[PDB]
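What follows is each chain in one-letter form.
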Amino acid sequence: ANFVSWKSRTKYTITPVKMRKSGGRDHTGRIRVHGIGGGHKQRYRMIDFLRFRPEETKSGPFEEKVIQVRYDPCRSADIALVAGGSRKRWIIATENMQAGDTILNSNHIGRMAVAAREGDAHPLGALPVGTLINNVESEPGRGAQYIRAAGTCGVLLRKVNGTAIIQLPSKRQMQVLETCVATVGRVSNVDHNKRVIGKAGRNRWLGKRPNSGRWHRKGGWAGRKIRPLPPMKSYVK
Amino acid sequence: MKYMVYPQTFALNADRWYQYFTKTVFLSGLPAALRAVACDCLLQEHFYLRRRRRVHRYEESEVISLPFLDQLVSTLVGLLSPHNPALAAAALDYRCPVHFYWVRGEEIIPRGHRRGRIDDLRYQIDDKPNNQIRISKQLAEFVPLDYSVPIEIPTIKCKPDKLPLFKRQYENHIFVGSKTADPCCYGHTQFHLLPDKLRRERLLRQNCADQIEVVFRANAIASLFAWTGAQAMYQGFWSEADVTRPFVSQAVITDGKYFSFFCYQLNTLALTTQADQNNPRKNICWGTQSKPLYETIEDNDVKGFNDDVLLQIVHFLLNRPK
Amino acid sequence: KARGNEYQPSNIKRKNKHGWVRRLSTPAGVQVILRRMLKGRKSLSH
Amino acid sequence: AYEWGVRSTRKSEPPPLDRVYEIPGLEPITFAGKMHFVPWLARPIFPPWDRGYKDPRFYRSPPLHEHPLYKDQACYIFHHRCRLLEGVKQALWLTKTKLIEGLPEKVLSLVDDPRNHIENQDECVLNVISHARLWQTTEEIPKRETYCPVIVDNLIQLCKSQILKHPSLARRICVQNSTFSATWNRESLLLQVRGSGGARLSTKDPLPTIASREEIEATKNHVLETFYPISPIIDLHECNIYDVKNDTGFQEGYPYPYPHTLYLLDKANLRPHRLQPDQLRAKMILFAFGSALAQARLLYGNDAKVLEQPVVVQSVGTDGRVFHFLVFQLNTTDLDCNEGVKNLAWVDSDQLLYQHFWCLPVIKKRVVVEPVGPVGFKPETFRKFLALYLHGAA
Amino acid sequence: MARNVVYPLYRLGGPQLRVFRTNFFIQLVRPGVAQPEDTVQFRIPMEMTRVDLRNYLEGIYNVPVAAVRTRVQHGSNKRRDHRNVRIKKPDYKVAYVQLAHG
Amino acid sequence: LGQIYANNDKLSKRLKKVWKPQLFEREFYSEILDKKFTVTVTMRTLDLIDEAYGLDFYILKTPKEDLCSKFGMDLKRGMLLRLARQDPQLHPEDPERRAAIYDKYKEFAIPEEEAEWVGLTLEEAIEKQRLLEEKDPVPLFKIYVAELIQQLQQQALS
Amino acid sequence: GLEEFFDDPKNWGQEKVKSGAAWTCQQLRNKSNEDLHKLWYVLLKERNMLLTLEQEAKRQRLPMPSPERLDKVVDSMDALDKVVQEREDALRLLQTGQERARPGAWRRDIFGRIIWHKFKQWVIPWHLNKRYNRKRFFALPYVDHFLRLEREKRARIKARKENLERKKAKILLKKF
Amino acid sequence: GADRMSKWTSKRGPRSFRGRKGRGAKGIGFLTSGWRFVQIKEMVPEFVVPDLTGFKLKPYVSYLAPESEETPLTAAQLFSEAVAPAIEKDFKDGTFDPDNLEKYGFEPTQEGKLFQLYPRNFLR
RNA sequence: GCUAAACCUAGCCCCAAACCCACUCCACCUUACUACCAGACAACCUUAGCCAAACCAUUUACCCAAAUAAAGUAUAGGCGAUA
RNA sequence: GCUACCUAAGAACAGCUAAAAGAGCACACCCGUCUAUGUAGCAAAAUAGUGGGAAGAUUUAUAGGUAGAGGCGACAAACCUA
RNA sequence: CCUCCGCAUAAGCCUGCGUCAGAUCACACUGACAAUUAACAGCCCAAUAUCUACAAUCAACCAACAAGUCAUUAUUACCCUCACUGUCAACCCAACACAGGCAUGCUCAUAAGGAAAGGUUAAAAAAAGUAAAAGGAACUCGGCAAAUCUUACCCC
Ligand SMILES: [Mg+2]
Ligand SMILES: [Mg+2]
Ligand SMILES: [Mg+2]
Ligand SMILES: [Mg+2]
Ligand SMILES: [Mg+2]
Ligand SMILES: [Mg+2]
Ligand SMILES: [Mg+2]
Ligand SMILES: [Mg+2]
Ligand SMILES: [Mg+2]
Ligand SMILES: [Mg+2]
Ligand SMILES: [Mg+2]
Ligand SMILES: [Mg+2]
Ligand SMILES: [Mg+2]
Ligand SMILES: [Mg+2]
Ligand SMILES: [Mg+2]
Ligand SMILES: [Mg+2]
Ligand SMILES: [Mg+2]
Ligand SMILES: [Mg+2]
Ligand SMILES: [Mg+2]
Ligand SMILES: [Mg+2]
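First, a word on scope: everything that follows refers to the structure included in this document. (Residues numbered from 1 in each chain as written, not as in the entry; some residues may be left out. Chains lettered and ligands numbered in written order. Part of a larger assembly, values for the part shown. Heavy atoms only, no water.)

## A closer look at the sheet that holds strand β6 (residues 199–203) of chain D
Residues and elements named next belong to chain D.
Thought 1: In space, the seven strands of this open sheet follow the order β2-β11-β10-β9-β8-β6-β3, with mixed pairing throughout. In this open sheet, the two edge strands, each paired with only one partner strand, are β2 (97–101) and β3 (172–176). On average, adjacent strands in this sheet sit at an angle of 20° to one another, irrespective of strand direction.
Thought 2: The pairing of β2 with strand β11 (residues 343–352) spans five bridges and is classified as parallel. Among the inter-strand pairings, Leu99 is bridged to a residue of β11, identified as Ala345.
Thought 3: Of the strands in this sheet, β2, β8 (258–265), β9 (306–318), β10 (322–332) and β11 are in contact with helix α6 (residues 277–300), which crosses β10 at around 35°. (Pairing = 2+ DSSP bridges. Helix = DSSP H or I, 4+ residues; strand = E, 2+ residues; numbered from the N terminus. Axes fitted to C-alpha atoms, helices over the stretch in contact; angles between N-to-C directions. Contact = heavy atoms within 4.5 Å.)

Have a look at this one:
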C-alpha cells in the first residue's frame, strides 16, 4: 500500500484542515480496527491543549477573550475560539463557557489557594482541595491528555509534598506534581451521554460500520467481574 | 453539431467566409474637453497609475489597453449625455456575452449510418465585446430595406471547415447581452479590443500584413451580425417570419492604438435554403480602414493625437433613435 | 447475473497493473520479464 | 506539549555513514566514478552544487534576514484581506477616530431637496436591481461575483446621469486597479495600509470639510476605547521585510488627484469568504484613513500636526444587497499619542437596498405565491448613495 | 531541424540552434478533398514542427508562408499477411500551408 | 540456522532453531590510528582481544576468515597503511610516541603497494583498478607531431 | 517556389527522363566543404521533386517515369554525408583523441546484459537527477541463472547451425 | 483483452495520456502560467541555406567521367595535408617550439569553442 | 469419377570438438522504446512437499570435482523402510 | 478492469401528497417476488408480464488499497476474473 | 408502420459500409488510392516565509446536524510566444453483425433514428393475445394464472 498520514501540517492554525479517513486500515492497507468507515466529510480544528502557553515575547499569566463556542465533529465536546494579544486558538470549552468571556491562564502557585473560577487554567497546587478539574497533564508542560471528553470532571483530592492527587473519571486516583496545569469545572455538553442515535443510518453518518453477523459463544471473560479498584497511578519519579 | 464562429479570429480571409455565412456585403466607408479626457484616459493607464507588478507585454492588452477602453467609453458617455439625451438612459455593459445561432445552407452527410441524408449547416457566434451600449428604442435605418448593392457576396468552392472552422454540440444561445425581460433590447455601439494573439506586430512577423484589416473586418461582421440578429429574434423575427424593419448597430474595434469603425444593417434573417430560395434582401456592413489615435506616448504626453479618430467615436455615440 | 463481461478496459489500470515500470519495480517482476525474454516473447510487458 | 507533524510525514535522515569514513588514512571506494548507484560500493559524499547562472524558473530567493528591506522592528500591515476581530472600534483605535452615527446633514440634505432626485428614480433603481440579479447573464441565478460589481457600476452610472442637472460631475473619473499606501505610528507601533481593489471616484476638486474647527477641537475629550486582552493589531500582517513610503497611487501631475469615494466590494460567493458587516466597515474606515493620510502626507509633508485643512474621503462598501456609507475627516497626522485632536468618521451602517430577490416564481400548491423580482426595496438607501455621489457638486 | 540526431541543450543566454544540412524531406501532395486557393498540401516527417516547415519553405524554396497547420495521419494495421500477422501501413504527418501575399 | 529434536529425542518432532550471539556495544581505542570506535562486539571478540593484548594486535594478527568483518578488514588496511608510510599524522607533535607505537607493531609491516589492497572485495578492487587505469585519450595531433619530429630527426641526420 | 517541387513542364508525361551518374564519394572528397553544403541543398531540392513525382504516380496509378533518379539522388546524398562525417571524425580524432562524437559508457543492466549506455544531455548533475537514479545499472544475484540459460540457448542454436552445415556438405558430396 | 502487439502511440489511452505523449518532434520552448506556451527562438532550429546563384554542381554526374579509386580520409592524411607543411617548414627553418603547438592548429581544450567536437554541441 | 491418395525435403536428435554472446544513427526503468531539471529506496535467512515405509508421526538416494577397485564392506537406521 | 469491504475526489434522483421524515404514491435509475417462455438458449442465468426500493445504512462514473498458511464479509462458510 | 429511441461528450477500440478496380438468402470481402487541419480538449505554474473561525440549500426569512466543494500577504526572481498531441467509422465489454452489459449533457414527447411479413397455405400439437351463454373458485397443494381492484385476523 501507499498510506501517507494526513497529520502532516507542522504549523498551528485555526483554519479547519481537510482530514482523510482511514476505514480502520493500517499503513499496510489491512484492517486493524473493525467498524470504521464512511461518515460525513469532516475537517479538523486544531486544539491547543496547553492552556498556559504565553505568546512569543511574553512571559507570565495572561487572559484570553472567549469569542465563540462551536460544535466540533472530531470530538464529543464543544470547542472555544479564544484570543489574547495577537493570537487566536481553539481550546476545549468548559460547561458554562459563553462567548464574550474572559479566562485566565496562570502558572503561579501561591501560599493561599485561589478562588477557582470555571474555565480558568491554574496549577493544581494553586487549586483548592475539592475543585472539579478538567483537562489535566501527567507531567508539567506535557499538555492535557486526561479528562477531555464531554461532561467529564476529575477532583483534586489531596495536595501532599509537591504532589497533587486527583480522581480520574474512571474513579481512579492519579498523582502528579503540583506544577501541572488543570482547567476548572466540567467539560461542555454534559448531556452527551443522553443522546439517542435513533437510527442505524445515523450511526453510519457518524461513520460506524455495522457489527459482524457471525454468532460468538460467550467465554470465561463474560460474566460480571467485581474487581478491586486499581492502585493510584503516579507520574512523580 | 454546429460550427463555432469566433469574431476575433486567426484565420485568413475570414471576412469573406463570414460574409458568406451571414449573407453580408461589405462596403468601404461609412453610410477640447473630449480631447483632454481621451488623453487623460490614455496617460492614466500608460504613465500615471503606479503599478506594483511589472507589466509584461503579454499582459499589456489586459492590464493597460482594456482599462483605457472602458474608462474612455464611460467618460465619453457621461460627457456626451448632455448632447445625446438617450445616453443617460442607455445601459453600458462591461464584458457581457452576445450569442447568436443560425442555419445557412445544407450538406449531405458523407460517411456513417446517416450517409446520404440532408443536414442543415448550423453556426453559433460566441462573442464577448469589451463594452456595449444598449438603448430602449431602436436607432434609425441607415439604408432602406430592399437596397440594391451591385457588389455580390463571396462564395466558397470548399467546405466551411477548411478556413480553420470546427464543430461542437453545446447549448444554442441567442442573447443580446441581457435577457428578454430587459427593457433595453436595442443595440447602439459595441466596442471591441483585439486580443494579444492578433497584434499588428505578430501579424507582420507571420507574413500577414494583408490580414491586419481582415481581422478588423471579420470581427466587425461577425460581432455586429450576431448582436443585430439577436435583437431581431428578441423582437420575434426568424427565418420564416423575416424582419419588417431593418435592424442596425455600430461598432468601434481597436488594438489599443489603432481604431476602425463599422456599421451593420440586418435586412434579412432568411438565411436557410428554403427561406433564401428567392430572397433578394442582402445584409450590409460599412467600414473604415484602421487609423491610429495616437503616435507614441512619451513619458507624460501623447505625440500624435488624431482628433479625427475621436470625432468619429463622438459621432457614433451621438447617433440617437428618432 | 450474466457473466463473461469481466474485462472492463482502462488503459491507466492496464499500465499501472501489468506495465514495464511495475514489473521492474519488483525483483520477481524482473524475473517475469527475464522468463519472457528467455521464452522469446514479442510482448514482454503491456 | 503536542508538536504538529508526525514522524512518518517528516522527512527521514540519510542512511548511516559507511564505517570506512571513520577509519583514518583511507581512501574510500565509492560509486562516484561509475556515475550510477551500486549496492555493493560505498555511498559518496557529493559536494554542494550551485547553478552559477540565474535561471528564472529555477530561482531560489535569499534567506529572509539577508533581504535589503529587512528590519528588526515589525510593521503591521492592513490590506484588503485583513478581517479585524474587534472590527469598528479596533479601526477607530488604529486610526484615532471618533465615530458619529449617521451621515452628515450637509450630505443627507443635498437629496432632501427634490430637484436633485433622478427622474423615475425608484423604477430606475428597481431596473438596476433586476438587471443585476436576474437579467444579467444566460444563467438563471447569477452569482455574487458577477452581480455585486455590476450593481455598483450601474448605480454609479445612474447617478452619473445627472450631469444634465449638475455640470460639475464632468470633473470626475472612476479609477480601477489603484493602490495606495500610508504608514503611521500609534503607541510605538508601526502600522501600514496597503489599499487595493475596488473603484476610486477621483475628482479635481477637494471635498469640502464637514466639521467646524470648534467641533474638531471638541473631539479632544473623547477617550479612544480599548479592548483588553485583544492587542490593537490582532489581524494585521506582522511583516518584517517592508518599506515605509507613502503613495497616493498616482505619479505627480494626475488630472484627478483627490479621493472622493472608495467603492469596496464583498464579492465572494461563499459566506466564510465574505466579510462580516463590522469587518467591512472597519476595512472602509482604514482605507479612507489611508487615502486621507496619503493625501495629507503628499501635500503637507511627513510632519505630525493637527491639520489646518482637514482631509475628507468617503467610502461606500457593499456586497450587493447591504450597503454601508462612511465619510472620514482627517483632522490630524499626530497619531502616536492617544490624546489630543481625533479624526472623525460619520457611519451609516447596514442599509438594505432590498430584502430578497426571487429569480424564479415561488409556486406552492399550484398557485404563484411570490412573484419574480426584488422584495423590500429601499429608496432611502438609494438616496443616501446619490447624496454621497453628489457631495461636492450639487 | 533534423531527424535522428541529438540536439544540443540550450541554456538561457546561449547561441542559436543552427542546422546546416537538414535531412528533412517533404512531398507536395495533391489534396484529396477540395481546398481553398491559397492552400498547398505537404506530407512531412513526424519530427518536423510547423515552425520548421515554415522556416524550411521560406529558406530553401523562398515561398512566402502565411499559415501552417499539421495533423497526424494513421496508417491501417488491419491488413494481414499469409501468417495472419498484421501489416502496418505507416503513419505520416500532413501539413496545410496557406500562402502569403494573396 | 539449524534444526533440533523436541526433547533430545529423535523419535519426536524435528523443529527449526536459530541460535544468535549476545551482542554488546562497546568502545575501543586503536593506538595506530588514534581514534575511539564504538563497535557492536561479542564476548568472544573481547577475550580474543584480551588474548591479543590489544585491539590493534587483534586486528593485525587475525586474518579475514576469523575476523569475519568488512569493518575489521578496513580497519586492518588503515592500520597497515599508517605503518607502511610511517604516517607523520599519528600524534603529529609527538614523534617519540609515534616511533614507539610504530616500533611496537613493526612485525606486521607490509609494503604500501600490498597494503592498498588489503580487505578489498572484488567489486571495490575492480573499481580501484578502473579508476587508476582511466586515462583520458591522448590527441593524435600530439602523436603525429612526435612522429614527424622523429622522422625529421632521421632526415636531418642523413 | 513550388515550381521547384515539380519538374520542368516539358518533362511532364515524357515516360523517361534521362539522368546522370550519382555522385561518387571520391569526387565529393575532392570538392570542398562549402560546395558540399550547396550541393546538399541542390540534391535536397531534387529529392523533394522526385518524391513528389513518385507519390503523384502512385495517386494516378501510373508508373513513375524513372525511379533510378530517386535511387541515385539518395546514393549521392549518402556519399555526401559519408564525406562530411569522415572529415569531422578525422578532426575529432586528431584534436580530442575521442573516436565517437557522443559520450557513453559500457554498463550493466537490471537484466545482466552489458550495454552501451549513450549519454543524455542534462542541466543538473546525476546525483540530483530523479529519473536517472530511479534507473538500475546493476544486476542483483537472481539474474545469473537466466544469463546461464540464455548462454545455453545460444549454444544450442550454434551447435544446430554447424551440424546442418556439415550435413549439407555431406549431401553435396553425395551428389557430386 | 487489449492489443499488446501494436505500437503504443499518443492516439491511445485517455485525454491525459493522449496529450502527454507526442510523436518525437523536439521542443522549441517551455510552458508557464495558464498552460501558456513560450517559444524560445534559440531553441527553434534555424536553417542555414546558402546562395545557389552561380553554382555549377547539378544533382547528377556525367557518365563520361574517369573512374577513381576510393580512399577514405584518415587523421593521418589530415595531418599530412594540413599541418605537416607548417611543421616541416618551421623545423627546417628551426623555430619549432615543442610547447606551442597551438600555432599549428592544436586546440588544447574544446571549451570556449562554438563548435566543439567532443562532446558534440552542433547539428549536422 | 468425385472427394481424395501418394511423395523427399525443410529441418531436427544424440555425441565429438571447442570458452559463447553485446556501440549505423536515434529512442528506451516515466504510462519502457518518452530530447531537456534539487535528489537519493536499494542486494544477502536451513527449501518444502508429493512419494516409500503397503497408515503415519523419526526416517525415505538426488552430480559437487575424471574411470576402476576396495564395496553395497565398515557404518547408520520407528536397527524398519531404507541410507 | 468481476466481486467483498475501504480511501480520494466526483455525479444522479421528474411529478404528486406533507413540508417532519433511513415518510407514502410514482418516473429515470438500482434490485429481482411470482408466473410463463427459453433449457447446445438471444443469454455458460436471458426475455415478456408482474413486482421490491426509488433524499437514502441510496445508486453510480474514475483513480488507488487489502492476496491465498491470506484478504474481505450487515455469517450466505458469502465473495476474491463465468 | 414503429420509435424504450436519438444526437453529442467521456471511456474503450484503432481505419472497421469513403472512391476506384476485382470476384462467387440475395450484391460491410481483396487490393489500391485518399482522409481527422484548433479556437474544443489535453499538456500548467520561481523561491522563502506568512495568511486562511463564520457551510451549502434562489441565501432572504427560518431551522438545523451528519457540521461541510471553491480566499492570501510580504520581499526577492522574471521579456518571451501561440509549440507539441487527440480529432475518422456503421465502433466498446460479452468466442458472434449476441433480444445481454454500458457514465454524463440535451431531445426526455422527436426536426434525430428505424422495419414486425423470403413466397404461399391457413392441419395437429405448442407459443402470445382477444372475445365468450349460464354459473362464479365447484379449480388446484394453494385463487397459481387471469380478472377485478377489494374485508378482517393469526404466527414470525
Ligand atoms: Mg461534536
Ligand atoms: Mg471522530
Ligand atoms: Mg454491538
Ligand atoms: Mg450476532
Ligand atoms: Mg506411505
Ligand atoms: Mg502401493
Ligand atoms: Mg422513501
Ligand atoms: Mg416508495
Ligand atoms: Mg454488504
Ligand atoms: Mg448459519
Ligand atoms: Mg451451513
Ligand atoms: Mg484551448
Ligand atoms: Mg466526430
Ligand atoms: Mg426520420
Ligand atoms: Mg423483417
Ligand atoms: Mg415466413
Ligand atoms: Mg363466460
Ligand atoms: Mg370467495
Ligand atoms: Mg377437488
Ligand atoms: Mg396473481
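Once you've had a look at it, read on.
## Some points on the interface of chain G and chain F
Thought 1: Each partner contributes to the interface: chain G provides six residues, whereas chain F provides six residues.
Thought 2: Scanning the region where chain G abuts chain F turns up zero salt bridges.
Thought 3: Across the chain G-chain F interface, the total number found is one residue pair in polar contact.
Thought 4: A breakdown of the residues in the side of chain G that touches chain F according to their chemical character gives two nonpolar, four polar and no charged. (Salt bridge = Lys/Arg side-chain N within 4 Å of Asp/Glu carboxyl O. Polar contact = N/O pair within 3.5 Å; in protein donor to acceptor, adjacent residues only side chain to side chain. Nonpolar A, V, L, I, M, F, W, Y, C, P; charged D, E, K, R; others polar.)

## Quick look at the pattern of salt bridges
Thought 1: Counting across every chain of the model gives 73 salt bridges over all chains.
Thought 2: For D:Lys305, the salt bridge is made with D:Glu308, and the minimal N-O distance between the two is 3.9 Å.
Thought 3: With relative accessibility at 53%, the residue D:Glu308 sits in the exposed group.
Thought 4: One network of salt bridges, with partners in common, ties together A:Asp48, A:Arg53, A:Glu64, A:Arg87 and A:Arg89. (Buried < 20%, exposed > 50% of the residue type's maximum accessible area, 1.4 Å probe, protein only.)

## Quick notes on the protein's contact with RNA strand K
Thought 1: The full set close to RNA strand K counts 144 residues, and A:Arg45, B:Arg57, B:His113, B:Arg117 and D:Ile241 are the nearest of them.
Thought 2: Take the atoms of RNA strand K that sit within 4 Å of the protein: sugar and phosphate atoms are 63% of them.
Thought 3: Interatomic distance of 2.6 Å between a side-chain N/O atom of B:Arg54 and a phosphate oxygen of RNA strand K.
Thought 4: The backbone of H:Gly19 places a nitrogen or oxygen atom 3.1 Å from a base nitrogen of RNA strand K.
Thought 5: Classifying every residue of the surface near RNA strand K gives 46 nonpolar, 44 polar and 54 charged. (Near = heavy atom within 4 Å.)

## Some details on the packing of helix α2 (residues 33–48) of chain B against helix α7 (residues 307–317) of chain B
All names here are of chain B.
Thought 1: Following both chains from N to C, one finds α2 and α7 inclined at 105°, their axes separated by 11 Å at the closest point. Considering the angle they form, α2 stands roughly perpendicular to α7. Contact residues: α2 offers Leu34, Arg35 and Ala38, while α7 offers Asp307, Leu310 and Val314.
Thought 2: Here the residues of the contact of α2 with α7 are counted per class, giving four nonpolar, no polar and two charged. (Parallel < 35°, antiparallel > 145°, perpendicular 65-115°, else oblique.)

## Some words on the interface of chain H and chain G
Thought 1: Counting residues at the interface gives 34 residues for chain H, matched by 42 residues for chain G.
Thought 2: Taken together, the two surfaces of chain H and chain G that pack against each other cover about 3,400 Å², and 61% of this comes from carbon and sulfur.
Thought 3: When the area that chain H buries against chain G is broken down by residue, the three leading residues are H:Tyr60, H:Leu117 and H:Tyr118, summing to 21%.
Thought 4: Linking chain H with chain G are three salt bridges, by the criterion used here.
Thought 5: Where H:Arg120 meets G:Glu88, a salt bridge forms, and the shortest distance between an N and an O atom there is 2.8 Å.
Thought 6: At the boundary of chain H with chain G, the tally comes to 14 residue pairs in polar contact. (Buried area = accessible area lost by both parts, 1.4 Å probe.)

## Regarding the protein's contact with RNA strand J
Thought 1: Around RNA strand J lies a shell of 45 residues, among which A:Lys18, A:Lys199, A:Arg209, C:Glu6 and C:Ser10 are the nearest.
Thought 2: Between RNA strand J and A:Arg30, the relevant distance is 2.8 Å, taken from a sugar or linking oxygen to a side-chain nitrogen or oxygen of the residue.
Thought 3: Here a phosphate oxygen of RNA strand J sits 2.9 Å away from a polar atom, N or O, in the main chain of A:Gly38.
Thought 4: Counting residues per element, the ones that place at least two in the surface near RNA strand J are α1 (200–206) of chain A together with α1 (11–18) of chain C.
Thought 5: Looking at the surface near RNA strand J, the element that brings in the most residues is α1(C), giving six residues.

## With respect to the environment of B:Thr254
Residues and elements named next belong to chain B.
Thought 1: Looking at the secondary structure, you find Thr254 in strand β9 (residues 247–254).
Thought 2: By relative accessible area, which is 1% here, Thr254 ends up buried.
Thought 3: Placed 90 residues apart in sequence, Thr254 and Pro164 show a C-alpha to C-alpha distance of 24 Å.
Thought 4: Excluding residues that lie within four positions of it along the chain, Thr254 makes contacts with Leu69, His192, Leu193, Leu194, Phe216 and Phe259.

## Thoughts on the pairing of strand β6 (residues 131–134) of chain B
Residue and element names in this part refer to chain B.
Thought 1: Side chains of β6 alternate between two faces, with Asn131 and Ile133 and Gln132 and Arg134 buried alike.
Thought 2: Sheet analysis places strand β3 (residues 91–94) next to β6, joined by four bridges and oriented antiparallel. Residue pairing across strands places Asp93 opposite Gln132, the latter belonging to β6.
Thought 3: As paired strands, β6 and strand β8 (residues 189–193) are joined by two bridges and run antiparallel to one another. From the neighbouring strand, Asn131 faces β8, where its bridge partner is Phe191.

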